[PDB]
Amino acid sequence: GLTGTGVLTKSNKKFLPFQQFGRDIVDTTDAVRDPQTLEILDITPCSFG
Amino acid sequence: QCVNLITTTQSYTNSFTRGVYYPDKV
């Protein structure tokens, strides 16, 4: 259900066994979980300027 | 049968900061 766009890379975050996604202070999604692999992936916005 | 071997003491305390749980998964 979580839709968006960006670059997916590997991060060093250690989620809990009941966490799905992560949010920052400004309440923007920056990390998700793989439903079939259970891997920590971070979301970064694509380049603009 | 009615084994009512329990009594209500109506006692409490003022040192329990324990009612805290996780409201969501963020």
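Chains as they are written, first to last, in the UniProt record's numbering: chain L, 545 to 593; chain V, 14 to 23, 27 to 42.
Don't be surprised by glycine CBs; every beta carbon is placed ideally from N, CA and C.
Among the options, nearest to residue i - alpha-carbon criterion
i	options	result
residue 549(L)	575(L), 569(L) and 581(L)	575(L)
residue 546(L)	580(L), 586(L) and 565(L)	565(L)
residue 572(L)	551(L), 559(L), 588(L) and 592(L)	588(L)
Residues that DSSP places opposite residue i in a beta bridge
i	result
residue 552(L)	587(L)
residue 573(L)	567(L)
Cβ distance (whole Å) where residue i is taken to contact residue j below 8 Å
i	j	result
residue 585(L)	residue 554(L)	7 Å
Residue i and residue j closer than 7 Å at C-beta
i	j	result
residue 563(L)	residue 41(V)	yes
Min CB distance residue i to chain C below 7 Å
i	result
residue 36(V)	In the structure shown, chain C cannot be found, because the protein chains are L and V.
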